[PDB]
Each structure stands twice: as C-alpha cells, then as structure tokens.
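As structure tokens, the structure follows; a few thoughts come after it.
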Amino acid sequence: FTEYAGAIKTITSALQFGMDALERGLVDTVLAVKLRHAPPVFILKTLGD
Amino acid sequence: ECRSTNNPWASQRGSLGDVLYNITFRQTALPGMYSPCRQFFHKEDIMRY
Amino acid sequence: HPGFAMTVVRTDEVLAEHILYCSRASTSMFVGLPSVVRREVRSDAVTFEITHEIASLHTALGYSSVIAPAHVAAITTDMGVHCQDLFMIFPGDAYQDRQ
Amino acid sequence: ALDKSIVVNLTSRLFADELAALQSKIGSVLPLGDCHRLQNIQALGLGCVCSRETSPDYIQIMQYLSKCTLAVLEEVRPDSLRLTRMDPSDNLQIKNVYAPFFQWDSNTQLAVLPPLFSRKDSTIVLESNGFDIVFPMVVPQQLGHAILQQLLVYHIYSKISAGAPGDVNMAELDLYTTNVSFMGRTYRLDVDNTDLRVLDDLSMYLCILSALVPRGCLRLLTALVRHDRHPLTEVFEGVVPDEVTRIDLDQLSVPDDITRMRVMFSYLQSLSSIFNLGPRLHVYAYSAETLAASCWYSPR
Amino acid sequence: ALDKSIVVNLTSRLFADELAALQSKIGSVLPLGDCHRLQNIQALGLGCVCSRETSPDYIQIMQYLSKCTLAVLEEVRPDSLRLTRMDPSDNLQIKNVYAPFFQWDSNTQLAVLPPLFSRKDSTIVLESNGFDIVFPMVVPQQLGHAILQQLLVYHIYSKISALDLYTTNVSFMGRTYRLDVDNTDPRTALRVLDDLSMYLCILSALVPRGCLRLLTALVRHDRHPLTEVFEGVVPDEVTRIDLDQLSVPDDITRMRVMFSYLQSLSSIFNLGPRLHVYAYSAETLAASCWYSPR
Amino acid sequence: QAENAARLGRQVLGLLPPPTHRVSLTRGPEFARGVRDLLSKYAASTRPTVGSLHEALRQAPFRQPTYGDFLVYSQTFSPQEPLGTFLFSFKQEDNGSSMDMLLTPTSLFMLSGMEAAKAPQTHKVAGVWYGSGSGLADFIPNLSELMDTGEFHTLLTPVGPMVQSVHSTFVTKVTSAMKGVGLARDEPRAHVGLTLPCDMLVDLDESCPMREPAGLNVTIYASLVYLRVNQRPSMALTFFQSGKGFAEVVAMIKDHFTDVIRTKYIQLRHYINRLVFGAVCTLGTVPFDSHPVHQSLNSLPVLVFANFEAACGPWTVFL
C-alpha cells in the first residue's frame, strides 16, 4: 500500500511539473515576442520626434 | 573630400584586405573560427541594408 | 620595421542589464488548449510531451516596446593582444617546398 | 499507440513566391538532426555541413547522413513547416520532387546520396530567414553507384588534363561520362565546366590506394609461413602482376612500414564503411502519373 | 506483452572484497549465453574463451562476441545477481562507467570490444566459486576501429622477428595507450590475415592507370594534408606501370570492378553489434541507444 | 442485409491501428491508464483462470507486414507451387506499364543450366516443372553476357515467401510477402512459413561440439557463384543457415566454395570483368532452435520454417 502511495505521489507530482512548465512558456514566449519587436533607444528617439 | 580613400588595400576592390576577408574566396577554410574583418568586407551584409 | 604598417581590429563583449519598456495593449494573445502526447518508448522510460500552441498578434501599428542598455556588469571578453593563427584557418593553402 | 510529429517553426513568415516552391513538394526526405517536436530551421537541410560559404563536402555529408534521422513532409503552412518522423521499419508514402529528374522503378532499393550538382537542381533558396534547405539526392541504389563512379572517374582525369592536357581527349572523355546506362535509358547529368570540389577527397584517398596498396600484399606473403596456412593464397599469384613482385624492403626500412601499415588499413575502413551503407528505404509499389510510392526504412 | 529480466542463481555466498567489486559496477555490459530467466554461473562472463591458464587471443573473443546476447546490470544482491536484457531493437538507458575513460555526446557511434588494456582490472576473482568474470568494454568507433587496426598489423611483424614502441600505442589525439599483449593465440588472426591475403592481392591487379598518374602530378607540384607519408618521394613502383597512354573505357571496368571489392572489405574490419546513441547527459553519465544486431 | 452492417461494424472497427495516445490535460492524472502493453508482470494467485486473465492475453504487439502484388505469365512461374517458396525479381526494363518477371529457386536451376550431379535431386523434378529451358531463356537474350561481365546479382531484388497464387490460363497473380510473416488465405489465424529444397540448402552450424551459446537470432543467407562449366558460363546457387554473425560466415563460406575456386582460375589464365565471384543477401531471421520438418512431393524433399520473418538486403561481393 505504501509502495503504491509512492506511485501516486510521484506521477501526480510529475504532472504538476508540466503545470509549471506550461506557465513558463506563457511568461517566456510573450516576453520573447516583445524582444523581436523592440528597437533600442538610440534608434527610436530621433525617429520618434 | 580631399582624399579619395585612406588605403587602397581595403576599399580597393581587388585588394589583399578585401580578398582575405571575402566570403567568395573562403571555400577552403574551416568555418568554426571567428573573424571580425570578415564583417566589414562582406559584400552581401553591407548591401542588405 | 618591415615595408608596411597595419591596422588591427578586435572584438569585445559586455554583459549588461536592460530597462525594457512595454506599453499597454500592444498584443492580443490567443491561448490554445494543451495536450499530452507520448513517444520514445524505452525499457522503462515512457517520455511525454505537454504541448500548447499559442497565437500572437500586433494590435497597434507603431512601436510599443523599447529596450535600453543601462549597466556594465563585467567585461567578459578581455581585450587581448593575441593575433589570429591563419595557419589554422587555412590548413590547405601552403607553400611549394617542404623544408 | 505512439505519436510521432515534428513541427519546424520559422521566425518570420514565408514569401508568397518561395511558398510556391514549397507547395511544389509535399512529400520528400529531410535529414533532420533532431529527435523532438520543436525545432528551429538550422538542422533540417544540409546547412549544418553543406553551405555556400565553405567548400562543398562529400564524406562530411556522408558521415552525417547515416548518423542523422530522416523525416517526411506532410502539410506546409505559411508560418511553419510540418514533418512526419521516419521510424525504423516504418511504412509511409513518398513522392518525388528531386531535380534532376530520375524515373523510378518499383521493387527497388533506394540509397540516399549527397547532392553534388548545382544549387538550381539541389535547393530552394530561402530569404525569409537566411538559412537554406538542401534536399538529399534520392536515387535508387544501382543508379547511385553508377552516377558516383563515372563522375569520380571524370574528376580524376580533370586534374590530369588541367595539369597536363597532353594525354586526354575531351571528346573521348565526355562521351563516356555524362551518359549513364541503365533501364535501356540514357540519363544525362550536368558536366560543370565552370572551371567539382565535392569529389576531391575520394580522388585524394583513392590515389593513395592506387600505389600504396600493391606495396601491401608483397609484405603479407612473407609473414607467418606454414605448412598449414590456408591454401587459396597460391591461386592469387596470377592476380598480382609480375612487375609488382620484384620489390624488396630496400627502399623502406623497419620504422618505415610501421608508419605505413598502421595508417594503410585505416584508409580502407574510411573507404569501406561509407560505400556499403546509406540510410536505405525499400520501395515495393509505384505508379507513374501519380509519382507516389510506398516505402519501408531499414536503418542499415 | 514483453518483459526482459535475468536473475542469476549465485550458488555460494559472496566475499567482502568481491561484493564491493560488483557494487563498484552497477551499470555494465557483460555478454551471457543462455537467454533464460534463470542462469548458472558457468557462462555469465566472457571467461569461457579468455581464461588465466590458457593463452587467450582477442580475435576469437570478438568472433565469439557477435553470437552472444548482451546484458546490463540492475542490482547486486549478496545471494544472487540481477541483470536486465537488450532486445535487438529497443531503446534503453545505458550509463557508461568504463575506466580508461572517454567522453561521448548526442549522436555518437559505438562498438563492443574485449578488455584490451587491463585484464587484471577488467576481471575480478571469484573465490566463492573459483570462476572469474571477464568484462568487455564499449569504445566509440573512432578509436574502437583503431584498436582493431594494430592487431592485424601486430601479428605481421612479431613473427618476422622470429623495438615495440612503434606498434601497440593506440593513438587518440593527445593520448597514446599501450595495449595488452602477453600470451596471444595467433591462430585465429592468422585466418583473418589469410583473408587480408586475398583482397589486398585482388585490389593490386586492376589499379587505375589514371589515378596512378595523379601522384606524379601530386608530390612534384603541390602539397596536401595526406602526402606527408610520402615526404614528396614517388615510389619506384609508379615508374613501372604508367608507361602506356590512358583510355577511359578500359578504365571504367577497372573503376567499377574495383568498387565492388571496396564493399567486400566490410567483411574483415567487422565489429560486434553497433550502438547508435541518440541522447546523452554529462553529469549523470547516462545515455540511450537502440541495440542493433550485426 | 440490415445485420450485415453489424458484422463489419464489429470487425473493421476493431481491426484498426491503435490510436495515437493523446489525452488533453484538463482531465488530469488519468492519462497513465492508457498504457497497458508496457506492463508485463500480471498478478497470479492459487487459482488463476483464463476467464479472469482475459485482459492479460488481450494485449499483443502490433505486428503486420506488407505484401507486393505481382503479375507474371504462367509460362515462367509454374502453376504448381508449394505455397512457401522463395521469389526473386528479375527486372531489366520498363517495357509494359506493368510487366513483371518472377523467378523461383527451382527456376534458376533451369535458367543456369548447371551440372546434373552438382544438384541431382531437383533436376529429376526440374523437367516436370518446366520445359528444357526454352520458355525462360528466350525472355533474356543476354544471359551469356550477364555471365561474362558478371552482372546477374546486381539485378535480383529478393522478395521472400509466397501467400497465394490466384492462377489463370496465361498470367498468374502472385501475392508476395515481405517485412515479416505472411498470413494465409485458405486458413485464417494461420501463418505461412518458408519452404526450401534440401538440394539447395547447406547448413553451417553443424559440428561435434567437442560450446556455442544460445540466443534469439538464426539467419538464412542467400548465395550465388558466377562460374564456367564445359567452357560455357553458367551460374550457381546454394543457401546458408547460421546464427553466427557476419564476421564468421564469409570465412565459413570460403571453406565451402574452396574447390570451385581452385579449379576456376585455371580457366581465364590458360581479363578484367571476369574477376567477380558472387554475393550474399540476408533473407531474414528464423527464430531460435525451431525445427525444419521435412516434406516431400510427387519426389522432392522440402523443408519448412515456421514463424519466419523476412527482411531483405543488398548484394555485397565476396571472393
């Protein structure tokens, strides 16, 4: 029984590892979208006027 | 405007500087190294802009 | 002094820390619905994937994200004096005689 | 129950003109350096090895071919490609878009070859992302070792003729090289009179083995001599020439042969390993006007 | 479906030294003979062909290596061993240990070789049963082929003597390793040399007259990476064969029939099985591969 | 007829590939119960019973090979075949849209026209199979040239066992078999072996042990010898059978064809294209220590090999 409990306390943890890893890609890629459309300040100041 | 070119060894088209660091005449080398003078003499990347 | 003189190039890189500004409502995201896919069967390993495709968008037409270099942390590449060994970049090209 | 699928992403969208070159093929063969389902462009063509900048290569392709993992296109979208993985002894469908065009044949054996022709035959030039796509030469096996052989002959006599053209007629040469004979058909190749740096190193390797191999079996005959030694060796006197067997150890010495014979056999394995196996898939059925086929892939 | 696991009956209890010897190697490759669930200890190791009081060679071992199955350890219990098994197409988790250390990567290429450096390290004594257990060694083919290179070269010279800084120092770049040669059985490598007798005489006949002519236009004019072997001197043999004029359709026959015997030389530079490793880790020293009978 | 839908709806909807295991996440930790054919250790008791283990045998590997349907004249492929032979595929040229040519090992003994006593068992039956070599040698008018330049092994693409010959008057439909184990058509749930003549087979792993280990693999190799007899070149064939490994077998084959070579190279001497000898093509792996049960014909001793998978190969030269 308490070897079977060592199964369900393993696989339901390794699902939650994918729950975090899903939320990392939301923080990562949305940030990594913004860095492919971001000129530096020394371009955008003279063009911004 | 008074001088046409500083050296005829880089901006001259056939010149030894331009030939050592051209992409067209590097079909012998190992590509794994890095070369900075490769950058300022590359015909394409300058004309990409 | 030989017959010529020479210019020298180097490179350098600097680790730096940025203030990245991002304005409001620049993008609208389309969050998908994830899935669990198995592959690469071993004697023991049943490796999975949790894949989740998400579609982005650019709402405004102007620029909406500005980066700035605002720190120097180190100078990682050191401005050495070591030249570049053209015998190693060109192993093929050599002279005529052996000795 | 397994699920293979490989999705290659692109940072920028495709051109509307390049996408017509990628709708033009829908099932082909890609050497794919990944074994996963998310990937950037840099490991599906041959741009890992075969690139525009350096010299073209043969064995660095050929080592990379069998080491790699092949895949087949399914559904090309403008954002991003899509593939299907090639499992060992999987079964799927293959069409051709392989310039220059070779007509297939059912119930044949298929080798995957390095491209050695021009880029207009070989590639689709990308400009959305700068990196290439290079498609491997997919030609059946007997036709692979005939297109290899006559060009490798054409490479050796080119170096002689460029060095000294007082030996070789180009009319005698070009009549007997660019016409591959099989099927009752003559398939004409591309000759490359631009001056062929794909087949340099084989001609470099085989010309070591032209002179230094027949030095070899002379030394072997005087090694371990028995009244029990295997008897087929007497028969092979007539194979080796009479002029070869009048050479002694006078020109060399005791440290000279060690500097040879340890290195001598190492050329034979770098020779014999690559010409045995390509990654081969067997095709049993085929049709002409559909240009479709069914395959199974033996990693060999 | 399918299970694969081999437990070994160990009929006499371990000793305190030999327990830690097996405990020292928890991920290993030993070839056994009887593919069953249970197994007696007359045929676990390789030692049926490489023993102490005998004079073992290594060709007959490597010849015996391809017949055998291959197996990986799971535990070492005091009263019994426990192993696991390798199907002829199955991915697994191999975890390399082997003491003349090397480093691999993803997409590397392997062989299985006998112990060719230290029998005393690779074997362990089993005073509990009086029967030792030889361990073989996995080596990448960049050097695993190179170790096979010298043995064929080695038995050539040592009978002509009937010194050896030259022969069995196996060259990795920066690491030259002296082999293990004390009491060889040169009879099995003799037949392999008898099969090098054939092809190396066969290839000598129909040598291309064009590619011979390239050498006089090689060492005289230009210089190359390979041609340091010649030191810019043509052999005397080239000056005898290239007297005539060249002719392509004579030579294509000498270029295709040559190419046939090129493929035939796989049959003598053989291996045991090959192992195509696809995934690899550094600090765990884990790897993964699908086994390939060959 | 309304209950004929409920006869195909049962079978076809169960006779499917297993689905790609793809569970959406929002369920949660129920994904793991799809994995069933990776467990292999079922719990027993004092009373285990087939009525309660009927899941434990319900699991099975996904094993299914493929067939290549051919189409050949009954003038060459004989009307009688013992349902487990071997098939070549000679292929010279695309004349028709689909005009194949098969060859059996019984056929090649008539194409070659080798000596009687070198294979004196099938030769008695090789005249009640076919003619005298008329209806076969007239389809390839370069057989004398295929011997001399040494190119016949470069054209055979081996196929494997049979499944069924739906035979007709002129052209025989032949359902071939590759990749593995051919399923029968007269009898369902019954595989089809590969059956060979005892004249052609030559064993390899037979000596007094005076011990070779066990294993899973034992292979059947195909072979071929370009030779000349009575100053007119006619090819040859044997088989092989070993579970040894390719490093031994080429050295072991040369022990068998020693005496042919010892006569042969007297002939050309007393050339360049004459020098090639033969090749080896692996025809798949017999399972370990399964026995060949002998058979006979009207007679002709024929073996059998049950559970025979079949994987082809290339033609590597040996000499």
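Only residues that are surrounded by fewer than 14 Cβ atoms within 10 Å (Cβ to Cβ) and more than 26 Å from D:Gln141 (Cβ to Cβ): list them for the range F:136-152, please. Listed by number, the list holds a single entry, F:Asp138.
The set of residues in the range E:219-233 being among the aliphatic types (A, V, I, L, M) and within 8 Å of another protein chain (Cβ to nearest Cβ) consists of E:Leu226, E:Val229.
Evaluate the range C:45-58: report whether one residue or more is more than 30 Å from F:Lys41 (Cβ to Cβ) and among the β-branched types (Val, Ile, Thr). So far as the range C:45-58 goes, yes, one or more of its residues are more than 30 Å from F:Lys41 (Cβ to Cβ) and among the β-branched types (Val, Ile, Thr).
List the helices (runs of 4 or more DSSP H) that sit entirely inside the range B:7-49 and contain at least 1 residues that are away from chain D (no Cβ under 14 Å) and either touching a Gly at 6+ places or on another chain (Cβ under 6 Å) or closer than 22 Å to C:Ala5 by Cβ (or both). Can you show your working first?
Values: elements: B:16-20, B:37-40, B:43-47.
In the range B:7-49, B:16-20, B:37-40 are the helices (runs of 4 or more DSSP H) which contain 1 or more residues that are away from chain D (no Cβ under 14 Å) and either touching a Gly at 6+ places or on another chain (Cβ under 6 Å) or closer than 22 Å to C:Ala5 by Cβ (or both).
Test of understanding: among E:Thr176, E:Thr168, E:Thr184, which residue is more than 17 Å from D:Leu212 (Cβ to Cβ), more than 11 Å from chain D (Cβ to nearest Cβ) and crowded, with 18+ Cβ neighbours inside 10 Å? E:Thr184 is the lone residue from the list that is more than 17 Å from D:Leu212 (Cβ to Cβ), more than 11 Å from chain D (Cβ to nearest Cβ) and crowded, with 18+ Cβ neighbours inside 10 Å. For the range E:1-51, a residue qualifies if it is over 27 Å from the mean Cα position of the chain (by Cα), more than 24 Å from E:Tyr291 (Cα to Cα) and of a type in the set (A, V, I, L, M, F, W, C), and the qualifying residues are E:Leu10, E:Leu14, E:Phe15, E:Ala16, E:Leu19, E:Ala20. Test D:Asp57 against the stated conditions and say whether it is buried (at least 17 other Cβ atoms within 10 Å of the Cβ), charged (D, E, K, R) and assigned by CATH to the domain that holds D:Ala99. Taking the combined requirement at face value, the residue satisfies it.
Residues in the range F:20-48 that are surrounded by 13 or more Cβ atoms within 10 Å (Cβ to Cβ) and of a type in the set (A, V, I, L, M, F, W, C): F:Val23, F:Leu25, F:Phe31, F:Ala32, F:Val35, F:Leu38. Residues that are surrounded by 18 or more Cβ atoms within 10 Å (Cβ to Cβ) and out of contact with any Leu (no Cβ under 6 Å at 6 or more places or on another chain) were ranked within the range F:282-303; the one that is farthest from the other protein chains (Cβ to nearest Cβ) is F:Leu300. Would you mind stating whether E:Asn96 is assigned by CATH to the domain that holds E:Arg274, surrounded by fewer than 20 Cβ atoms within 10 Å (Cβ to Cβ) and either out of contact with any helix residue (DSSP H, G or I) (no Cβ under 8 Å at 6 or more places or on another chain) or more than 23 Å from E:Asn270 (Cα to Cα) (or both)? Yes. The set of residues from the range D:261-290 being among the polar types (S, T, N, Q) and outside any helix (DSSP H, G or I) comprises D:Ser287, D:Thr290. The condition (being surrounded by fewer than 20 Cβ atoms within 10 Å (Cβ to Cβ), more than 14 Å from chain D (Cβ to nearest Cβ) and not in a helix (DSSP H, G or I)) is satisfied by just one residue among F:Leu83, F:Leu155: F:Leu83.
The set of residues in the range E:232-278 that are of a type in the set (A, V, I, L, M, F, W, C) and closer than 30 Å to E:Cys289 by Cβ comprises E:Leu262, E:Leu265, E:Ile268, E:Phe269, E:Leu271, E:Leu275, E:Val277. For the range C:10-38, how many residues meet the condition of being within 21 Å of the chain's Cα centre (by Cα) and in a loop (DSSP other than H, G, I, E, B)? Summing the residues that are within 21 Å of the chain's Cα centre (by Cα) and in a loop (DSSP other than H, G, I, E, B) in the range C:10-38 gives 9. Can you tell me which residue in the range D:241-270 is surrounded by the fewest Cβ atoms within 10 Å (Cβ to Cβ), limited to those that are under 17 Å from E:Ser264 (Cβ atoms) and within 7 Å of chain E (Cβ to nearest Cβ)? Once the filter is applied, the top-ranked residue is D:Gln269.
In the set (1) over 30 Å from E:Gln103 (Cβ atoms); (2) under 18 Å from the mean Cα position of the chain (by Cα); (3) basic (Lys, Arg), E:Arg178 fails one condition alone, (1).
Pick from E:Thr284, E:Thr216, E:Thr227, E:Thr239: which is among the hydroxyl-bearing types (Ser, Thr, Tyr) and farther than 27 Å from C:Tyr95 by Cα? Write out each step before concluding.
On the way: E:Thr216 fails: farther than 27 Å from C:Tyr95 by Cα; E:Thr227 fails: farther than 27 Å from C:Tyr95 by Cα; E:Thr239 fails: farther than 27 Å from C:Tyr95 by Cα.
The conditions single out E:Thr284.
Only one of the numbered conditions (1) within 14 Å of chain E (Cβ to nearest Cβ); (2) buried (at least 19 other Cβ atoms within 10 Å of the Cβ) is violated by F:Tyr265, and that is (2).
The set of residues in the range E:222-251 being under 35 Å from the mean Cα position of the chain (by Cα) and outside any loop (DSSP other than H, G, I, E, B) consists of E:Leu226, E:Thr227, E:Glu228, E:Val229, E:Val238. Inside the range C:58-77, residues that are out of contact with any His (no Cβ under 9 Å at 6 or more places or on another chain) and either surrounded by 11 or more Cβ atoms within 10 Å (Cβ to Cβ) or under 30 Å from E:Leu226 (Cβ atoms) (or both) make up a count of 4. Just wondering, is there one or more residues in the range D:209-218 that are touching a helix residue (DSSP H, G or I) at 6+ places or on another chain (Cβ under 6 Å), closer than 20 Å to D:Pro115 by Cα, hydroxyl-bearing (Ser, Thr, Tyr) and facing chain E (nearest Cβ under 8 Å)? For the range D:209-218, residues touching a helix residue (DSSP H, G or I) at 6+ places or on another chain (Cβ under 6 Å), closer than 20 Å to D:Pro115 by Cα, hydroxyl-bearing (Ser, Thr, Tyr) and facing chain E (nearest Cβ under 8 Å): absent. Of the residues that make up the range F:171-182, is at least one out of contact with any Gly (no Cβ under 8 Å at 6 or more places or on another chain), assigned to a loop (DSSP other than H, G, I, E, B) and surrounded by fewer than 17 Cβ atoms within 10 Å (Cβ to Cβ)? No: the range F:171-182 contains no residue that is out of contact with any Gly (no Cβ under 8 Å at 6 or more places or on another chain), assigned to a loop (DSSP other than H, G, I, E, B) and surrounded by fewer than 17 Cβ atoms within 10 Å (Cβ to Cβ).
Among the residues of the range A:1-20, what is the count of those that are in a loop (DSSP other than H, G, I, E, B) and of a type in the set (A, V, I, L, M, F, W, C)?
Residues flagged as in a loop (DSSP other than H, G, I, E, B) and of a type in the set (A, V, I, L, M, F, W, C) within the range A:1-20 amount to 1.
Among residues of the range F:51-80 being within 30 Å of D:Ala288 (Cβ to Cβ) and aliphatic (A, V, I, L, M), the one that is surrounded by the fewest Cβ atoms within 10 Å (Cβ to Cβ) is F:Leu71.
Can you report the number of residues in the range F:189-245 which are part of a strand (DSSP E or B) and over 30 Å from E:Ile61 (Cβ atoms)?
Quick first cut of the range F:189-245, residues part of a strand (DSSP E or B) only: F:191-192, F:197, F:217-222, F:225, F:228-229, F:232-233, F:236, F:239-242.
Still in the running and over 30 Å from E:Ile61 (Cβ atoms): F:191-192, F:197, F:225, F:228-229, F:232-233, F:236.
Matching residues across the range F:189-245 total 9.
Taken over the range C:39-59, residues that are within 11 Å of another protein chain (Cβ to nearest Cβ) and either outside any strand (DSSP E or B) or of a type in the set (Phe, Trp, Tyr) (or both) amount to 10. In the range E:271-284, the qualifying residues are those that are over 30 Å from E:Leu151 (Cα atoms) and of a type in the set (A, V, I, L, M), and the one that is surrounded by the most Cβ atoms within 10 Å (Cβ to Cβ) is E:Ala279.
With respect to (1) at the interface with another protein chain (Cβ under 10 Å from one of its Cβ atoms); (2) more than 30 Å from E:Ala189 (Cβ to Cβ), the lone exception for D:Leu189 is condition (1). Residue pairs whose Cβ atoms lie under 8 Å apart, separated by 6 or more positions or on different chains, with the first residue in the range D:65-86 and within 18 Å of D:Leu10 (Cβ to Cβ) and the second in a strand (DSSP E or B) and basic (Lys, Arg), are D:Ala71/D:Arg85.
Numbers and lists here come from the model and the stated rules, or from a named source; nothing here is a laboratory result. With ideal geometry, Cβ positions are generated from the backbone for all residues, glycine too; neighbour counts draw on all protein chains shown.
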